Amino acid sequence: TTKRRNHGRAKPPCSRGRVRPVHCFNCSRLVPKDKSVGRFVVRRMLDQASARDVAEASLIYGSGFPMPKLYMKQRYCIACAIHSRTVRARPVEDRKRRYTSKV
Amino acid sequence: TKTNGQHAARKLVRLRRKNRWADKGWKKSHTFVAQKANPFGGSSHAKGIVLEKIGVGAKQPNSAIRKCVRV
Amino acid sequence: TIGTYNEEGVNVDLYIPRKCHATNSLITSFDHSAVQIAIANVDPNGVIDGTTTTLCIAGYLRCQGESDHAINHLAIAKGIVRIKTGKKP
Amino acid sequence: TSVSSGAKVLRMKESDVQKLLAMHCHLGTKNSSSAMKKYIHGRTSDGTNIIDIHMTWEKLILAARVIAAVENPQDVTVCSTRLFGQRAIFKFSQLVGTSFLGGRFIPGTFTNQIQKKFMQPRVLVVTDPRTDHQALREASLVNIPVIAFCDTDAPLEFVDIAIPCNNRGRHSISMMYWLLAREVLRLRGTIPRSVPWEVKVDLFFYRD
Amino acid sequence: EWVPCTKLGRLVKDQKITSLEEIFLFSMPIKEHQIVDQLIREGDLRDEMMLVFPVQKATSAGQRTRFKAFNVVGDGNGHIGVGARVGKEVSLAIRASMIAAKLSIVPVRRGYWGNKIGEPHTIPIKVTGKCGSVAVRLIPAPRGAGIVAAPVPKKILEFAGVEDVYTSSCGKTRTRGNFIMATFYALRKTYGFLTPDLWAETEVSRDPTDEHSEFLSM
Amino acid sequence: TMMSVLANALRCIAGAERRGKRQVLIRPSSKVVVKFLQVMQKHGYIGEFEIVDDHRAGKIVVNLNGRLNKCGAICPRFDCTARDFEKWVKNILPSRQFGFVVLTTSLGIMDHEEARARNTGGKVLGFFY
Amino acid sequence: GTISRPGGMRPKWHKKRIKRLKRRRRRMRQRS
Amino acid sequence: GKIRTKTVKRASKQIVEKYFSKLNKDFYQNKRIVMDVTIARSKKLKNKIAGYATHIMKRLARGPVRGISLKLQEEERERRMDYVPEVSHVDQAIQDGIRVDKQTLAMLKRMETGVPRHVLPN
RNA sequence: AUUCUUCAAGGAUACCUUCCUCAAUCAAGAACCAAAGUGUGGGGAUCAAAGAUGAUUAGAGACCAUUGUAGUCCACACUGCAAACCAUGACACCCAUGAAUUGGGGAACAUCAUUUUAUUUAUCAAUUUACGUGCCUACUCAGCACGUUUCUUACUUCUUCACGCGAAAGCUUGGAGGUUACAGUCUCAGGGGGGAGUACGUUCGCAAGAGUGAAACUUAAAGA
RNA sequence: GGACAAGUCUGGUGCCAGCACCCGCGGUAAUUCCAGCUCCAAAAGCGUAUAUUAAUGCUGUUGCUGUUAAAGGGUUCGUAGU
Ligand SMILES: [K+]
Ligand SMILES: [K+]
Ligand SMILES: [K+]
Ligand SMILES: [K+]
Ligand SMILES: [K+]
Ligand SMILES: [K+]
Ligand SMILES: [K+]
Ligand SMILES: [K+]
Ligand SMILES: [Mg+2]
Ligand SMILES: [Mg+2]
Ligand SMILES: [Mg+2]
Ligand SMILES: [Mg+2]
Ligand SMILES: [Mg+2]
Ligand SMILES: [Mg+2]
Ligand SMILES: [Mg+2]
Ligand SMILES: [Mg+2]
Ligand SMILES: [Mg+2]
Ligand SMILES: [Mg+2]
Ligand SMILES: [Mg+2]
Ligand SMILES: [Mg+2]
Ligand SMILES: [Mg+2]
Ligand SMILES: [Mg+2]
Ligand SMILES: [Mg+2]
Ligand SMILES: [Mg+2]
Ligand SMILES: [Mg+2]
Ligand SMILES: [Mg+2]
Ligand SMILES: [Mg+2]
Ligand SMILES: [Mg+2]
Ligand SMILES: [Mg+2]
Ligand SMILES: [Mg+2]
Ligand SMILES: [Mg+2]
Ligand SMILES: [Mg+2]
Ligand SMILES: [Mg+2]
Ligand SMILES: [Mg+2]
Ligand SMILES: [Mg+2]
Ligand SMILES: [Mg+2]
Ligand code: NA
Ligand code: NA
Ligand code: NA
Ligand code: NA
């Protein structure tokens with residue numbers, strides 16, 4: 001019983017032989033790059049409450065200058081992406097939605 | 001998928017000869033090995049002398065003594 | 001004269017099925033997509049007179065989406081639809 | 001269309017062309033399907049498809065000649081689930097004498113024989129193949145031919161006679177039904193061809 | 001006590017449409033089993049039950065048992081029908097199968113093997129029907145060599161009116177449900193094959209629903 | 001690579017008739033292909049066809065009238081004695097009442113009914129019905 | 001689990017057990 | 001909860017349809033009418049029916065309700081809809097002039113009719 | 001899978017160049033072949049089979065933690081065992097639809113240069129070929145991208161993809177289609193489950209192993 | 001009892017004795033054992049064992065299968081052969 005037509009990765013037949021592995025962001029497990037679950041995360045350095053208090057003291061950010069952010073490209077193994085609720089199991093005839101972009 | 005050649009009779013003959021050893025029914029009748037292991041020398045009946053009377057228990061779902069003999 | 005005959009002139013078929021006018025295929029009794037379309041004839045004045053022209057469509061043509069193209073071909077052949085616009089006077 | 005003796009009647013006139021252009025009946029969508037590609041005559045720079053006017057008239061007259069050959073007008077039903085076409089089919093059935101079905105199509109209307117609303121038409125007319133998909137599917141089980149108004153992106157399964165026109169727009173739908181009703185009456189003896197019809201097209205417009 | 005609910009039923013209830021060939025010609029569906037009862041003379045229908053077996057569905061605290069029954073109907077020559085239905089009791093399933101068999105009734109074509117002397121006795125061409133994994137092949141046979149077939153297809157072929165056939169089978173024929181349906185499909189195909197005696201055009205005719213339009217509109 | 005021009009042509013015709021087409025294009029052409037088509041046309045199974053010249057092996061356009069159920073080639077070309085016609089009819093034809101088996105004989109290419117009249121055997125080419 | 005019922009111990013470890021058996025037979029026959 | 005079951009809701013629609021006149025937005029007068037024209041036994045049910053009927057009358061005073069279909073309101077609605085203007089909309093548009101595109105102009109120029117009157121490019 | 005400098009190759013495209021069946025598939029035979037592993041010299045930062053210590057546990061020769069040798073890297077020789085998978089042999093023909101994408105070419109942009117007819121028509125048309133943008137010397141440039149329409153090659157998708165096929169899951173121009181209406185060409189495997197890829201014999205290998213490959217017995221099911 | 005034509009009969013035994021080619025029967029109401037009475041098949045014949053032919057498209061030239069059930073070589077080159 002074949003569960004997925006692409007077998008869970010993005011490697012069509014007659015396209016590639018081997019894809020180099022990467023380390024899971026959480027457990028350091030080695031997983032091929034095209035099979036891993038990848039997300040680009042942009043994180044604010046401070047929440048709304050702390051950012052307000054810091055801005056009053058600072059002469060730079062005190063008048064409408066953006067605070068810096070954190071940029072990360074996180075890759076998960078399948079087990080870690082499920083246990084962390086990044087993805088969940090989906091019904092059949094629903095597993096085919098793709099969401100090419102953010103949101 | 002086989003040849004279908006019109007001059008490939010030799011290939012077809014050789015193919016059937018090799019693949020005919022793969023069924024137990026054909027192999028048993030052509031091999032002379034089961035005949036030697038058969039207590040009867042290829043016959044339907046044989047005569048013997050009784051050595052002992054024994055009782056053989058039936059297999060698991062059933063339960064009985066089967067009253068066999070050693071010859 | 002259509003059908004199978006005895007050694008004498010006796011027809012021994014139950015019935016003669018219709019034939020699709022586009023594919024020349026028999027229309028069976030268990031084919032429930034087959035349709036018959038009747039088109040009225042028109043007098044020299046734009047009034048129908050009472051006679052009609054009938055077309056038969058197989059039914060698998062309808063399921064595959066080719067019945068519109070087939071009827072176009074049949075209507076042009078029968079002299080009902082004009083293939084192209086006229087020329088200016 | 002053509003007739004047995006080439007009487008040149010039933011051909012489209014200058015006034016009919018004006019009505020089609022005024023109501024934007026020749027403007028299609030930006031998408032296009034393989035079945036409908038033969039009815040397209042050029043494409044504007046914006047991306048809109050222009051429908052061939054000659055082909056539209058030939059299909060409309062062919063549909064009228066099919067309807068006019070039915071002895072009992074109640075054996076023809078007109079369906080429309082789009083809001084803009086519900087008023088038009090109501091006026092059309094009043095003038096021509098047919099039955100109609102507006103709103104949601106209840107499944108099993110043509111196949112469930114023990115219901116109180118069982119219907120057995122001989123010809124079906126629908127406004128849009130895409131939205132009236134349930135009616136077309138049922139017609140393919142009980143030997144019913146289908147006449148449909150189609151846009152440049154319509155699927156043509158179970159459709160027998162397709163009339164290419166603008167399926168969207170309150171003015172466009174009303175004009176197409178007004179033209180079809182006038183032709184059916186003219187093909188009968190009811191109204192003459194030499195006097196303009198007195199029924200206003202605004203009666204067919206959808207009003208809130 | 002029959003009140004027809006379709007246009008076809010009203011025509012049959014009155015003394016119009018006197019034969020099944022009128023219905024078969026225009027491919028109209030049959031939705032009332034009283035139509036077949038009226039159009040085939042009494043003493044010729046000759047139905048029979050072929051197979052009834054139980055089916056089960058697992059539930060919490062036990063299982064639910066129902067009965068599926070197969071029925072075959074057919075006049076002496078040229079007509080055959082097969083139906084299958086499920087019911088809570090054997091008698092209820094059997095009664096529902098008889099109605100289903102009558103509703104799905106088709107004509108069977110007959111022909112000659114070598115010489116057209118008396119009457120059609122065999123099938124005109126080679127046909128094959130498939131249902132599930134079972135495929136049944138029917139081959140024309142000369143006069144005298146009777147129905148050479150297994151007991152299940154032999155009973156169906158007798159009801160259809162065929163006199164001489166050779167039969168071949170493949171697949172798992174012990175599934176009696178698929179064996180019965182595969183034979184029915186082969187017999188259905190006899191009227192869908194175009195032979196040179198049917199090349200000579202045809203003449204159009206009006207359907208019953210518009211020939212009698214005035215009577216129905218009442 | 002292509003090993004049989006006749007088998008290729010008969011597969012194109014049978015495929016087109018299954019799909020309900022009106023015309024089919026066949027490439028490449030040959031003398032045996034034309035003779036086979038002339039036998040089918042004489043009995044009324046295809047209709048008019050036309051050969052286009054290109055200074056190479058030609059091309060054929062065939063018109064179909066919807067009367068042809070199936071045609072096919074037989075490979076290899078087995079020999080057929082004049083007393084073996086009934087065996088081939090029983091094996092590859094729907095019945096004994098219609099359909100033809102095409103043979104190549106020293107008198108030319110012909111159907112099995114004509115070959116029986118002239119009392120000649122040969123090599124089986126194909127069939128149609 | 002990604003495989004159907006094996007009907008025994010894991011096939012990799014059964015292969016290794018036969019692997020060690022063959023070495024012992026080879027050594028025992030070498031002694032003679 | 002205080003959900004009205006389908007037996008209560010069905011009866012209230014029937015009462016409003018038949019006795020729309022003489023009903024108002026007061027529970028206590030509507031209750032007397034309901035007891036007069038209802039055969040059922042439960043007094044609790046009749047109180048609930050009068051309550052939901054009063055709710056419907058309040059809704060009707062501000063706009064139509066999908067399940068009522070009053071005869072007099074329907075008849076006046078049809079008369080308002082069947083309004084015929086003095087001059088047809090299509091006639092007014094023609095007199096104003098019709099603007100087309102280059103592709104539409106090219107199609108018209110090749111037809112037997114030609115470019116009709118009152119047709120300008122832009 | 002960083003950049004630059006070099007050496008020999010490969011496919012696709014373009015062509016009114018050349019040649020004239022030179023071809024397809026293949027027992028035997030040859031070359032290459034992941035990781036682990038082996039031999040001799042280098043090298044040794046990280047991680048880490050074996051081993052040590054701390055926990056956890058009824059116990060814990062395990063999972064967790066701190067370490068730690070071989071290995072992991074290079075050169076030259078071996079080995080030829082993978083879920084070496086698209087679990088789908090190679091060559092050839094036909095095959096419906098809409099969006100995309102990677103390389104080449106044509107049209108376009110830019111640069112230069114300066115048919116009859118036809119008053120009385122029509123059954124499968126004698127010309128749908130239309131269309132602009134941004135950057136650009138105070139040169140890897142007559143250049144570079146984009147927008148629009150065609151064509152050849154390649155990896156694909158339809159969740160708004162047709163027949164047909166299949167036990168079903170599913171496949172579908174790229175078939176698992178065109179097959180009881182069974183024949184385009186060649187080649188390799190299989191014949192109920194176990195015993196078993198085991199025993200014996202022989203070839204290859206430093207070894208580890210690799211190829212070839214049974215039976216006696218035992219079972220009514222195993223499997224999808 | 002079923003395959004497979006013919007008993008929801010009457011006594012005895014009680015997972016024993018036994019039957020059963022296969023599925024299965026037998027622990028107190030046995031449609032299967034040991035018997036009586038009835039009934040079935042074919043008959044001057046009828047059972048059992050072993051071998052072989054057909055059943056078997058389970059050896060497949062006519063005519064099998066190879067994604068997941070057993071089964072496409074790790075990849076190219078390549079001779080005999082077709
Ligand atoms: K993935
Ligand atoms: K699992
Ligand atoms: K080493
Ligand atoms: K460690
Ligand atoms: K291997
Ligand atoms: K490329
Ligand atoms: K007892
Ligand atoms: K097999
Ligand atoms: Mg590649
Ligand atoms: Mg790999
Ligand atoms: Mg069988
Ligand atoms: Mg699973
Ligand atoms: Mg498995
Ligand atoms: Mg980098
Ligand atoms: Mg290594
Ligand atoms: Mg070292
Ligand atoms: Mg290691
Ligand atoms: Mg650890
Ligand atoms: Mg460490
Ligand atoms: Mg290394
Ligand atoms: Mg493999
Ligand atoms: Mg299969
Ligand atoms: Mg398969
Ligand atoms: Mg075959
Ligand atoms: Mg085996
Ligand atoms: Mg050695
Ligand atoms: Mg060593
Ligand atoms: Mg070995
Ligand atoms: Mg018994
Ligand atoms: Mg019996
Ligand atoms: Mg026996
Ligand atoms: Mg007893
Ligand atoms: Mg045998
Ligand atoms: Mg046989
Ligand atoms: Mg397997
Ligand atoms: Mg492979
Ligand atoms: Na490591
Ligand atoms: Na794989
Ligand atoms: Na596709
Ligand atoms: Na056999």
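So basically every Cβ, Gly included, is an ideal-geometry build from the backbone, and we count neighbours across all protein chains shown. Read the figures in this text as sums done on the coordinates, not as results from a lab.
Identify, from the list D:149, D:105, D:100, D:118, the residue that is in a loop (DSSP other than H, G, I, E, B), of a type in the set (A, V, I, L, M, F, W, C) and touching a strand residue (DSSP E or B) at 6+ places or on another chain (Cβ under 9 Å).
On the way: D:149 fails: in a loop (DSSP other than H, G, I, E, B); D:100 fails: in a loop (DSSP other than H, G, I, E, B); D:118 fails: touching a strand residue (DSSP E or B) at 6+ places or on another chain (Cβ under 9 Å).
The unique qualifying residue is D:105.
Which one is surrounded by the most Cβ atoms within 10 Å (Cβ to Cβ) among residues in the range A:27-54 that are of a type in the set (A, V, I, L, M, F, W, C) and within 14 Å of residue A:73 (Cβ to Cβ)? Full working, then the answer.
Taking the range A:27-54 and keeping what is of a type in the set (A, V, I, L, M, F, W, C), we get A:27, A:30-31, A:37, A:40-42, A:45-46, A:49, A:51, A:54.
If we keep only those that are within 14 Å of residue A:73 (Cβ to Cβ) too, we end up with A:37, A:40-42.
Values: A:37: 18, A:40: 9, A:41: 11, A:42: 8.
Here the answer is A:37.
Looking at the structure I just gave you, is residue B:45 farther than 30 Å from residue F:74 by Cβ, away from ligand 12 (no atom under 16 Å from the Cβ), assigned to a loop (DSSP other than H, G, I, E, B) and out of contact with any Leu (no Cβ under 8 Å at 6 or more places or on another chain)?
Values: farther than 30 Å from residue F:74 by Cβ: yes; away from ligand 12 (no atom under 16 Å from the Cβ): yes; assigned to a loop (DSSP other than H, G, I, E, B): yes; out of contact with any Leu (no Cβ under 8 Å at 6 or more places or on another chain): yes.
It is true that residue B:45 is farther than 30 Å from residue F:74 by Cβ, away from ligand 12 (no atom under 16 Å from the Cβ), assigned to a loop (DSSP other than H, G, I, E, B) and out of contact with any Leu (no Cβ under 8 Å at 6 or more places or on another chain).
Taking the conditions exactly as written (away from chain C (no Cβ under 11 Å), assigned to a helix (DSSP H, G or I), away from ligand 1 (no atom under 16 Å from the Cβ) and not hydrophobic (A, V, I, L, M, F, W, C)), does residue E:190 satisfy them or not?
Values: away from chain C (no Cβ under 11 Å): no; assigned to a helix (DSSP H, G or I): yes; away from ligand 1 (no atom under 16 Å from the Cβ): yes; not hydrophobic (A, V, I, L, M, F, W, C): yes.
No; evaluated as a whole, the condition is false for this residue.
Quick check on the range D:1-21: of everything there that is facing another protein chain (nearest Cβ under 7 Å) and over 18 Å from the mean Cα position of the chain (by Cα), which residue is nearest to residue D:171 (Cα to Cα)?
Within the range D:1-21, the match that is nearest to residue D:171 (Cα to Cα) is D:18.
Quick one: in the range B:2-42, which of the residues that are within 14 Å of chain F (Cβ to nearest Cβ) and surrounded by fewer than 10 Cβ atoms within 10 Å (Cβ to Cβ) is nearest to ligand 12 (Cβ to nearest atom)?
B:2
Could you check the range B:1-60 and list, in sequence order, the residues that are farther than 30 Å from residue F:4 by Cα, within 11 Å of RNA strand I (Cβ to nearest atom) and among the β-branched types (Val, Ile, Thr)?
Matches in the range B:1-60: B:31, B:33.
Of a type outside the set (D, E, K, R), assigned to a helix (DSSP H, G or I) and touching a residue at least 40 places away in the same chain (Cβ under 8 Å): does that describe residue H:56? Even if it seems obvious, please write down each step before you answer.
Details: of a type outside the set (D, E, K, R): yes; assigned to a helix (DSSP H, G or I): yes; touching a residue at least 40 places away in the same chain (Cβ under 8 Å): yes.
Criteria met by residue H:56.
Only one of A:90, A:20, A:4, A:95 is away from RNA strand J (no atom under 16 Å from the Cβ) and surrounded by fewer than 10 Cβ atoms within 10 Å (Cβ to Cβ); which?
On the way: A:90 fails: surrounded by fewer than 10 Cβ atoms within 10 Å (Cβ to Cβ); A:4 fails: away from RNA strand J (no atom under 16 Å from the Cβ); A:95 fails: surrounded by fewer than 10 Cβ atoms within 10 Å (Cβ to Cβ).
The unique qualifying residue is A:20.
Return yes or no: is residue H:113 assigned to a helix (DSSP H, G or I), over 26 Å from residue D:203 (Cα atoms) and facing another protein chain (nearest Cβ under 10 Å)?
Working: assigned to a helix (DSSP H, G or I): no; over 26 Å from residue D:203 (Cα atoms): yes; facing another protein chain (nearest Cβ under 10 Å): yes.
It is false that residue H:113 is assigned to a helix (DSSP H, G or I), over 26 Å from residue D:203 (Cα atoms) and facing another protein chain (nearest Cβ under 10 Å).
Just for the range E:133-175: of the residues that are in contact (Cβ under 8 Å) with a residue 60 or more places away in the chain and part of a helix (DSSP H, G or I), which one is nearest to ligand 11 (Cβ to nearest atom)?
The initial filter retains those residues of the range E:133-175 that are in contact (Cβ under 8 Å) with a residue 60 or more places away in the chain, namely E:152, E:155-156, E:159-161.
Keeping just the survivors that are part of a helix (DSSP H, G or I) gives E:152, E:155-156, E:159-160.
Values: E:152: 12, E:155: 18, E:156: 17, E:159: 23, E:160: 22 Å.
Of everything passing the filter in the range E:133-175, E:152 is nearest to ligand 11 (Cβ to nearest atom).
Here's a check for you: in the range E:119-168, which residue that is touching a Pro at 6+ places or on another chain (Cβ under 8 Å) and within 12 Å of RNA strand I (Cβ to nearest atom) is nearest to residue E:107 (Cα to Cα)?
Out of the qualifying residues, it is E:123.
From the set of residues in the range C:58-68 that are more than 7 Å from every other protein chain (Cβ to nearest Cβ) and crowded, with 18+ Cβ neighbours inside 10 Å, which is nearest to residue E:193 (Cα to Cα)?
Among those that are more than 7 Å from every other protein chain (Cβ to nearest Cβ) and crowded, with 18+ Cβ neighbours inside 10 Å, it is C:58.
Which pairs do you get when a residue that is over 15 Å from residue D:206 (Cα atoms), found in the range H:64-88, comes within reach of a residue that is in a loop (DSSP other than H, G, I, E, B) and of a type in the set (A, V, I, L, M, F, W, C), reach meaning Cβ atoms under 8 angstrom, with the pair 6+ apart or on two chains?
Cβ pairs passing all conditions: H:70/H:20.
How many residues does the range G:8-28 hold that are more than 11 Å from the chain's Cα centre (by Cα) and within 6 Å of RNA strand I (Cβ to nearest atom)?
The qualifying residues number 1.
Can you name the residue in the range D:116-129 that is out of contact with any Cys (no Cβ under 9 Å at 6 or more places or on another chain) and either touching a residue at least 24 places away in the same chain (Cβ under 8 Å) or within 11 Å of chain E (Cβ to nearest Cβ) (or both) and, of all such residues, is farthest from residue D:67 (Cα to Cα)? Steps first, please.
Of the residues in the range D:116-129, the ones out of contact with any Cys (no Cβ under 9 Å at 6 or more places or on another chain) are D:116-117, D:119-123.
Keeping just the survivors that are either touching a residue at least 24 places away in the same chain (Cβ under 8 Å) or within 11 Å of chain E (Cβ to nearest Cβ) (or both) gives D:116, D:119-123.
Details: D:116: 26, D:119: 18, D:120: 16, D:121: 12, D:122: 10, D:123: 8 Å.
Step by step, filter the range D:116-129, then rank; the result is D:116.
On the basis of being more than 16 Å from RNA strand I (Cβ to nearest atom), small (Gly, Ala, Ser) and more than 12 Å from chain C (Cβ to nearest Cβ), does residue D:32 make the cut? Break it down stepwise before answering.
Working: more than 16 Å from RNA strand I (Cβ to nearest atom): no; small (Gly, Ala, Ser): yes; more than 12 Å from chain C (Cβ to nearest Cβ): yes.
No: the conditions fail for residue D:32.
Considering only the range H:1-21, how many residues are part of a loop (DSSP other than H, G, I, E, B) and surrounded by 10 or more Cβ atoms within 10 Å (Cβ to Cβ)? Full working, then the answer.
The initial filter retains those residues of the range H:1-21 that are part of a loop (DSSP other than H, G, I, E, B), namely H:1-5, H:19-21.
Pick out the ones that are also surrounded by 10 or more Cβ atoms within 10 Å (Cβ to Cβ) and you get H:4, H:19-20.
Going through the range H:1-21 one residue at a time, the tally reaches 3.
So, residue F:99, is that one touching a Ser or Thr at 6+ places or on another chain (Cβ under 7 Å) and either within 26 Å of residue F:119 (Cβ to Cβ) or not polar (S, T, N, Q) (or both) or not? It would help to see each step written out before you state the result.
Values: touching a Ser or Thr at 6+ places or on another chain (Cβ under 7 Å): no; either within 26 Å of residue F:119 (Cβ to Cβ) or not polar (S, T, N, Q) (or both): yes.
Spelling it out, it is not the case that residue F:99 is touching a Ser or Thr at 6+ places or on another chain (Cβ under 7 Å) and either within 26 Å of residue F:119 (Cβ to Cβ) or not polar (S, T, N, Q) (or both).
Here are some residues: C:37, C:71, C:48, C:80. Which one is touching a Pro at 6+ places or on another chain (Cβ under 9 Å), more than 14 Å from chain F (Cβ to nearest Cβ), buried (at least 16 other Cβ atoms within 10 Å of the Cβ) and without any contact (Cβ under 8 Å) to a residue 60 or more places away in the chain? Outline the logic, then answer.
Working: C:71 fails: touching a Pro at 6+ places or on another chain (Cβ under 9 Å); C:48 fails: touching a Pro at 6+ places or on another chain (Cβ under 9 Å); C:80 fails: touching a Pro at 6+ places or on another chain (Cβ under 9 Å).
Answer to the check: C:37.
Could you please let me know if residue E:132 is out of contact with any strand residue (DSSP E or B) (no Cβ under 6 Å at 6 or more places or on another chain), under 29 Å from residue E:8 (Cβ atoms), small (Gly, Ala, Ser) and away from ligand 12 (no atom under 16 Å from the Cβ)? Please lay out each step first, then the result.
Working: out of contact with any strand residue (DSSP E or B) (no Cβ under 6 Å at 6 or more places or on another chain): yes; under 29 Å from residue E:8 (Cβ atoms): no; small (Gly, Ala, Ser): yes; away from ligand 12 (no atom under 16 Å from the Cβ): yes.
No.
Which one of C:39, C:48, C:16, C:27 is in contact with a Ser or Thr (Cβ under 7 Å, 6 or more places away or on another chain) and under 22 Å from residue D:67 (Cα atoms)? Show your work before the answer.
Details: C:48 fails: in contact with a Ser or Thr (Cβ under 7 Å, 6 or more places away or on another chain); C:16 fails: under 22 Å from residue D:67 (Cα atoms); C:27 fails: under 22 Å from residue D:67 (Cα atoms).
After applying the criteria, what remains is C:39.
Just name the residue that is farthest from residue E:205 (Cα to Cα) out of those in the range C:1-34 that are within 13 Å of chain F (Cβ to nearest Cβ) and assigned to a strand (DSSP E or B).
If we take residues in the range C:1-34 being within 13 Å of chain F (Cβ to nearest Cβ) and assigned to a strand (DSSP E or B), then C:5 is farthest from residue E:205 (Cα to Cα).
Taking strands (runs of 3 or more DSSP E) that fall entirely within the range E:1-116, which contain at least 3 residues that are touching a strand residue (DSSP E or B) at 6+ places or on another chain (Cβ under 6 Å) and within 14 Å of chain C (Cβ to nearest Cβ)? Quick ask: steps written out before the conclusion?
Values: elements: E:48-59, E:62-73, E:79-87, E:105-107.
Where strands (runs of 3 or more DSSP E) fall fully within the range E:1-116 and carry at least 3 residues being touching a strand residue (DSSP E or B) at 6+ places or on another chain (Cβ under 6 Å) and within 14 Å of chain C (Cβ to nearest Cβ), they are E:79-87.
Residue-wise test of (1) away from chain G (no Cβ under 14 Å); (2) more than 12 Å from RNA strand I (Cβ to nearest atom).
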| site | (1), (2) |
| --- | --- |
| A:2 | no, no |
| A:9 | yes, no |
| A:12 | yes, no |
| A:16 | yes, no |
| A:23 | yes, no |
| A:30 | yes, no |
| A:41 | yes, yes |
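Only residues that are farther than 26 Å from residue D:44 by Cβ and either loosely packed, with under 13 Cβ neighbours inside 10 Å or touching a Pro at 6+ places or on another chain (Cβ under 9 Å) (or both): list them for the range H:80-113, please.
To start, the set of residues in the range H:80-113 that are farther than 26 Å from residue D:44 by Cβ comprises H:80-88, H:91.
Matches in the range H:80-113: H:80, H:82, H:83, H:84, H:85, H:86, H:87.
So which residues in the range D:130-146 are more than 10 Å from chain C (Cβ to nearest Cβ) and either more than 15 Å from residue D:77 (Cβ to Cβ) or of a type in the set (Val, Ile, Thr) (or both), if there are any at all?
Just the residues of the range D:130-146 that are more than 10 Å from chain C (Cβ to nearest Cβ), to begin with: D:130-135, D:137-138.
Result: D:130, D:131, D:133, D:137.
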